[PDB]
Amino acid sequence: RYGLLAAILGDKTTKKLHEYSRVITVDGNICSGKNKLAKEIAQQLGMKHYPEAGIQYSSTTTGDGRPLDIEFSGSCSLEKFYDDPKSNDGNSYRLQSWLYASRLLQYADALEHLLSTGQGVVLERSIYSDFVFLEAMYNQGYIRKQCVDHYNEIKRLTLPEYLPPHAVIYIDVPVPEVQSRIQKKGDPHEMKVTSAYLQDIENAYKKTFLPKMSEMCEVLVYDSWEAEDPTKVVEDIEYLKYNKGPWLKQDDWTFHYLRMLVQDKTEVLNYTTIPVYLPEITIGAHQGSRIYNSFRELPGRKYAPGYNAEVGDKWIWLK
Amino acid sequence: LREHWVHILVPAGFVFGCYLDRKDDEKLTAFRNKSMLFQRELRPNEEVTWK
Amino acid sequence: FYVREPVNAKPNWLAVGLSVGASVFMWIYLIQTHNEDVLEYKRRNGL
Amino acid sequence: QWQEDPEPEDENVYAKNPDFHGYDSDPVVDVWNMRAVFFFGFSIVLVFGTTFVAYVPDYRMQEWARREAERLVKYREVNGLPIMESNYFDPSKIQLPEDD
Amino acid sequence: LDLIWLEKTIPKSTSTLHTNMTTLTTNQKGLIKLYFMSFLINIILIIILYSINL
Amino acid sequence: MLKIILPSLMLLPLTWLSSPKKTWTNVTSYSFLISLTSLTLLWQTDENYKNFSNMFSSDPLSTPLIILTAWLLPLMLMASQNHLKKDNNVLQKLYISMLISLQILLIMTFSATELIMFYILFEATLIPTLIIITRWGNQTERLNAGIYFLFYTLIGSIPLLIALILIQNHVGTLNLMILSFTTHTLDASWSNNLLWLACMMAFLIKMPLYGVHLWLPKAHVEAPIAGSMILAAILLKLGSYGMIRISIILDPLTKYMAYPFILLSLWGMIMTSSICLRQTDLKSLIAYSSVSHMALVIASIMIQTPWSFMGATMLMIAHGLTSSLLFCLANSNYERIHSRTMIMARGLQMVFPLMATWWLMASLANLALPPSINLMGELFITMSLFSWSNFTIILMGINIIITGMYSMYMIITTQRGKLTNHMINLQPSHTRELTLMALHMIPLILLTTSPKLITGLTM
Amino acid sequence: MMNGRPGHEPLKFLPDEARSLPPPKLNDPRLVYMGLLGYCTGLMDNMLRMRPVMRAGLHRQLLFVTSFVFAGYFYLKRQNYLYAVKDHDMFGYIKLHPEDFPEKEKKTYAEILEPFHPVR
Amino acid sequence: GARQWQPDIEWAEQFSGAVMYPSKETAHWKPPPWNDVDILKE
Amino acid sequence: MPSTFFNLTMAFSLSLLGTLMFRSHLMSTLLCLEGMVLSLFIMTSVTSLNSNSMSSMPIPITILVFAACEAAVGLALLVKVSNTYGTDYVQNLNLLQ
Amino acid sequence: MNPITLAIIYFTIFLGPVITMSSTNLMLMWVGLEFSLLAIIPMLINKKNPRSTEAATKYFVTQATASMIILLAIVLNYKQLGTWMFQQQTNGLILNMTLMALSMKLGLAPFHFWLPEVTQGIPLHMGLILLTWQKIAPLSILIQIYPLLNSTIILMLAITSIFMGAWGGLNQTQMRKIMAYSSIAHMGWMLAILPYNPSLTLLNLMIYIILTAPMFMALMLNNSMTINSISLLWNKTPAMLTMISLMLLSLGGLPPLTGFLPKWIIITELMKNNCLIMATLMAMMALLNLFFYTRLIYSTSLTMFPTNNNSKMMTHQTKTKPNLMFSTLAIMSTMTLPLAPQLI
Ligand SMILES: CCCCCCCCCCCCCCCCCC(=O)OC[C@H](COP(=O)(O)OCCN)OC(=O)CCCCCCCCCCCCCCCCC
Ligand SMILES: Nc1ncnc2c1ncn2[C@@H]1O[C@H](COP(=O)(O)OP(=O)(O)O)[C@@H](O)[C@H]1O
């Protein structure tokens, strides 16, 4: 694995970086046709387009990559999020906390690809933009105040270490038009979502996310019309100058340490498991032991990658 | 010795055990026959009293 | 298989040969030392 | 509230496996875990053990001493010696502190 | 005599004696001046321990 | 004695290497035979103790126990196959191994020539026991119970460590054989009066004395059945075995330095016996029964008359077997009832006919019915205690009357009276439960036929 | 302690004088223990790294059982010497300074009169 | 049918706080930030 | 010399009492700390000079060379502190409590 | 760190103790101590968090004044004996200074306040070096001068440390500080036998190093500075739960494990020398140390604390492995007791 040995002997990120190599996130409301833009921009500069973080994004990330059972993936339902807001069990907060962990894994995987291959990164919504969902959830009855504090504490502990998005794109369509966009896409859980809740999501971006990041990175606001025109947006990205931002000080000997972090997923989310016992987050020892003693028995997961024979690994007796 | 290699674990311990306990004797063999109460003189064609 | 392949799937064949080969050098030096030792002990003392 | 499992009930292992012997749920392991426990438990420990323990000979010499007494009592009485003299370590051997 | 008197005397008391002793020894401001002075006191006492047992 | 031990160690490899489904039978079947090899030590056709080798010895006092220590591992593993059958297949193999190490360690401790070998192995037995009690303990309070079991033994243990290193410097070897055939006569100073207390106190603590016995009621309450069997049958008796071999030295002081303990124990015997009379938790009552019947033992290992000692050896082996039997049947009621309360579960004989016969015989062993080694034991300690002072019969006479009352009350309010209306229906008795009992009592019947084997060093 | 002894080898592991002592039998229980101590290290490693406990790193298992043991013979070889020096040193002094360690006569019990405390 | 009591949240709570056996004043003490970095600034 | 050697030694103890009794600014301490190194340097040089022990004069200077860097490290910590608090008072160094 | 700087520093942090040990001219022993002081300070502030600057500024002042006191002892000796090194004749006060000073750098007894605080603000890694490769240097200086130091003071610093360490540890819940406190305690035993049998100090140290180095690489495997954090070990990595249990009970003196030997032979040597007063009190409060060790045992192993849902996410990802050293130093430490005679 990458180490100071490799750094000492060549393997420097600096010499692998090029103009097209940046961390570009595109953030929008629940429905901004964001997906297309990203894949489009991705297609433009060959940028590895990372999909929006999912409940089982981590399982697709690890081992076989087949989707995990819900309880193995933290028992989070976006579906139940919508049909049962302010639920007794709090699936909505557990959904949000797992989502933050998933993008933490996605952002870290993205940074690892960026510093190793040197190909730039498009990851849709980012950890920085995740807060808008929680702000809106606390604005209504979805989450209580402490729940907010617990997310903020995890965010303050883990997000600063990772370097900021080079530029952020904002595909904005008004509160009413996204709900009609919602109305025609087929899922019924997305439908019937609060107009005021959608109001709080985009308002939270405009009030906090874009100004905040307006110095940390090159924010590119785009209206819907500019959108659906990947060519134009792509053009503008190729147009902005990547100057302002903390990325300027990343010398090779500084990148090495950041790389070795993202290279270690177990650390990336080390502070995501901090022992703060808010009730929704708590596994519980008896349920948690069963869930672990069950997730660990899945084929290829009992032992470390390369050593479990079930999936067809061989040479274990000499590894 | 197949699928029966876990049945011959304990038994084997016994044998090894007996192998040591009869080896401890070999070490503690001074006063072999030099004890007072039991100091008989060697009977013909007998190497040592107690082995 | 795995989306992210293991780094250990096919053996590090160097790690075998310096692990196996090292141990066989240990013994051949160790067993040598003993018999050699026994002799030195015998000759240095009466026998 | 935090997440935890709902109380697990204890199964009536006697509902299935109506021949349950108390060792394991699946029937063959149970049968073979009593056919080997009554056997190694009772049949060759309480029986072979008691046989061997019963035949330990003259344990702690108490079978030897009821004869040695008999020949000592035979010898002491016929030769007129006291059956249990009153000092054991002979007085002659002792070198009592002379002054005191 | 069981429960309270034989549990308050031997098992519990020893529990309390220590608990209280840790509370005083570990309640420290964290300020360096205080701590350091204590180094001063120590030097003084050790200077004496040698002096009087010269 | 490495067949009683090496084959034992190999049990550990078998519990681990063996199949998850077959792990239980390989271990239980093999240690039954391990007990059969243990029986060979009983072949003493002469007085000379059997010094197997430098570190390992077995004399009349240790031999009756080594066999019991080997015997209970089979039983312990048979009484814990139910609870611990809900585990993950690696928690079991840990519990089975923990039980295996206890007798490996206990077999060696009872079969050890060097007194500090006793100490290292003596205080090691706490590690396996604390894990059995704390890790698998059902109640919220086992963390507490574990603390009590570790500190009371540990605070007693470090004084013994200092004392034994002290005698090694004073005499020059801690070898029980030599220490016996050498002149170590304490000189009744104020200091020696402390040495004596240092050596005896650690042993007096795990042998619950009236003053320090609170650890045992708390420990057996939340301990799993296998841990409670080990604590009552072998663990507490470690303290008695120690007092017999350590008082060979410190010969003069115990003549006058024992009064404090003797009186603590005999009055303690009465009060511990009495509180059994109104205690709602059955496991609680058996534990205090264990304190009182062990308070008799510390009052015979201190009077130090030949009869006391073998009264002690008789009672320790006998009460060990009886107590487990009581703790084992208490568990069978606890698992179907799901509560330790004595008042619930009334009338069981009506629904569990045989377990009640086992309950009756266990209680008759608990009280002193006469054709039992249990009575011979008490009859002898009683005699010597009377010799120490004729008045002792009064206190050892209030205990006999109380012991009869609580022993029968356990039978009268648990196994007689009208049946409880409808507790969770009580499933019939497994054959394992009944054997685990039969395995305890059939040896109690056989030993009572020839008491000579468990009579101690004195006789 | 034993340092400062005449002839001390200032940084050597086992001076050749230790040749005179018998070599440790390779199967000495201790070296065999070190072996088991080692196998366990190996097995433990596999466990902490989440590999099949016994069926993995069969090369490593060997490195371990064979590294620990190798170490043993050469360590025990020394510790054995150190202890042997201790006697050379100890016994010698007992003689060179004989008066301080005088042979004592122990009166046969017949003569000695240890007091008898009766148990009664 | 048995659940050896595994510790609940409350049993866990005590072990939090910058001092186990809190004193009247030392009670005010607050656990140090998990990141090992503090908020103070001005 | 015997008389003087006393003054220097008490100078070191007066400097000792100083560094072991802080008051506000740290730079005072570090400054005091240096007062000792001067007293040690003076005493080492003095005895070496009246023992005519020239083989040892290297030491009086090695003492200063190591002491200078020691102080360099000390001041960089000091600058680091009045960059994080900007007031350099031993008073605010209490987060570790 | 520019890898070059990393090398220079690390070399100094390593040349620092080594010069101390190798040289006999005390002066050269002092600069060995001085380097160690200079090399450790850069690493201590690597995160450069506000807590860190506090740590280093304390460590440095405590280390610096002690270094100056050690130099004063050498300077004074130079005038009481022309030699640059302590001798039989050395004035008693000259040696006592060296004991106090060196007991400050090692942080024993009434000077035990800096260590717990610097152990709290430095990373787990630099915590190990600050606890174990920085104790070798000063101890070397003491072990060399043992014939001449005072039996009374050492014992007082020894006993005090044992008590302070134990009592301090009972209340602490931060792991870094629990270890800092343990080190104070073990350091105490070590300095108790120095006047009598230095060779045992070197055993009570190695065993402490072979015990603490695995224990800390355990704390950082999951980088848990909280007991609550180490308690969820069962979910993050289950195997280390078994050995973490034995190593911590080994750190305290419980008899089957390797940890008993240092306490046992130190007690045997002190009783051989007749300190059956001192040895007894030390062993007794030594038992207090195990109480806080077992309280941690409870939280981490014997009882399973509740975990957060995101812990399932960290399980998914492959856990970066613990170096081999953990194993080799966990076993050689948890169970070597059967081989004690050759160790001593
Ligand atoms: C002198 C005797 C000293 C005491 C010996 C007996 C106690 C040994 C120490 C036990 C300390 C820990 C107690 C609590 C352990 C909890 C273990 C647990 O919770 O289970 C999970 C753990 C790791 O799990 P994993 O192997 O990855 O797979 C299963 C995943 N659920 O599962 C495991 O960890 C499995 C491996 C556990 C270690 C096996 C040890 C077996 C027992 C060793 C006995 C040694 C006896 C030596 C006798 C010497 C006599 C001279
Ligand atoms: N933190 C969050 N909390 C709740 N829902 C979220 C969060 N992050 C993303 N989502 C979900 O993502 C959905 C939007 O994704 P969508 O735009 O459909 O993906 P695509 O980019 O493929 O079109 C929303 O319905 C929203 O519920």
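The way this entry was determined, per its header, is electron microscopy, 3.3 Å.
Note that Cβ sites are derived from N, Cα and C of the backbone, with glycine treated the same way.
Here Swiss-Prot flags F:23-43 (among others) as transmembrane segment, drawing on sequence analysis.
Residues 1, 4, 8, 11, 24, 27-28, 31-32, 34-35, 38-39, 41-42, 44, 49, 95-96, 99-100, 102-103, 106-107, 110-111, 224-226, 229-230, 233-234, 237, 241, 244-245, 313, 316-317, 320-321, 324, 328, 331, 432, 435-436, 439-440, 443, 453-457 of the same chain sit 6 or more residues outside the transmembrane segment (F:60-80) yet have a Cβ under 8 Å from a Cβ within it. What Swiss-Prot lists as transmembrane segment is F:60-80 (among others).
Annotated transmembrane segment per Swiss-Prot: F:90-110 (among others), in sequence order, evidence recorded as sequence analysis.
What Swiss-Prot records for F:113-133 (among others) is transmembrane segment.
For the transmembrane segment (F:147-167), the residues of the chain that approach it from at least six positions outside its boundaries are 115-116, 119, 122-123, 126, 129-130, 133, 174, 179, 184, 195, 197-199, 201-206, 212, 214-215, 218-219, 249, judged by C-beta separation under 8 angstroms. The transmembrane segment feature in Swiss-Prot is assigned to F:147-167 (among others); the stated evidence is sequence analysis.
Distant neighbours of the transmembrane segment (F:194-214): 148, 152-153, 156-157, 159-160, 162-164, 166-167, 186, 235-240, 242-243, 246-247, 249-250, 253-254, 257, 261, 264-265, 267-269, 271-272, 290-291, 294-295, 297-298; these residues of the same chain sit at least 6 beyond its ends, with a Cβ under 8 Å from one of its Cβ atoms. For F:194-214 (among others), the entry in Swiss-Prot reads transmembrane segment.
If you look up Swiss-Prot, you'll see F:224-244 (among others) marked as transmembrane segment.
For the transmembrane segment (F:257-277), same-chain residues at least 6 beyond its ends with a Cβ under 8 Å from one of its own Cβ atoms are 193, 196-197, 200, 204, 209-211, 213, 285, 288-289, 291-292, 295-296, 298-299, 302-303, 385, 388, 392, 395-396, 398-399, 402-403, 405-406, 409. Annotated transmembrane segment per Swiss-Prot: F:257-277 (among others), in sequence order, evidence recorded as sequence analysis.
If you look up Swiss-Prot, you'll see F:284-303 (among others) marked as transmembrane segment, on the strength of sequence analysis. A Cβ distance under 8 Å defines the sequence-distant neighbours of the transmembrane segment (F:284-303), meaning residues of its chain 6+ beyond its ends; these are 204, 207-210, 213, 216-217, 220-221, 232, 236, 240, 243-244, 247, 254, 258, 261-262, 265-266, 268-270, 272-273, 275-276, 309, 311-312, 315-316, 319, 323, 326-327, 330, 340, 342, 366, 378, 380-381, 384-385, 387-388, 396, 399, 403, 406-407, 410.
Feature annotation from Swiss-Prot assigns transmembrane segment to F:308-330 (among others); the stated evidence is sequence analysis.
Here Swiss-Prot flags F:350-370 (among others) as transmembrane segment.
As annotated by Swiss-Prot, transmembrane segment applies to F:392-412 (among others), with the evidence given as sequence analysis. Sequence-distant contacts of the transmembrane segment (F:392-412), counting only residues of its own chain at least 6 positions beyond either end whose CB sits under 8 Å from a CB of the stretch, comprise 266-267, 269-270, 273-274, 276-277, 282, 285-286, 289, 292-293, 296, 326, 342, 359-360, 363-364, 366-368, 378, 381-382, 385-386.
Residues 60-61, 64-65, 68, 72, 75, 79, 220, 225, 228-229, 232-234, 237, 240, 244, 282-283, 286, 289-290, 293-294, 296-297, 300-301, 340, 355, 358-359, 362-363, 365-366, 372-374, 376-385, 410, 433, 436-437, 440-441, 443-444, 447, 451, 454-459 of the same chain sit 6 or more residues outside the transmembrane segment (F:308-330) yet have a Cβ under 8 Å from a Cβ within it.
Panel annotation: around the transmembrane segment (F:350-370), residues 289, 318, 321-322, 325-326, 329, 332, 378-379, 400, 403-404, 407-408, 410-411, 414-415, 419, 426, 428-429, 433-434, 437-438, 440-441, 444 of the same chain, lying at least six beyond its termini, place a Cβ under 8 Å from a Cβ of the stretch.
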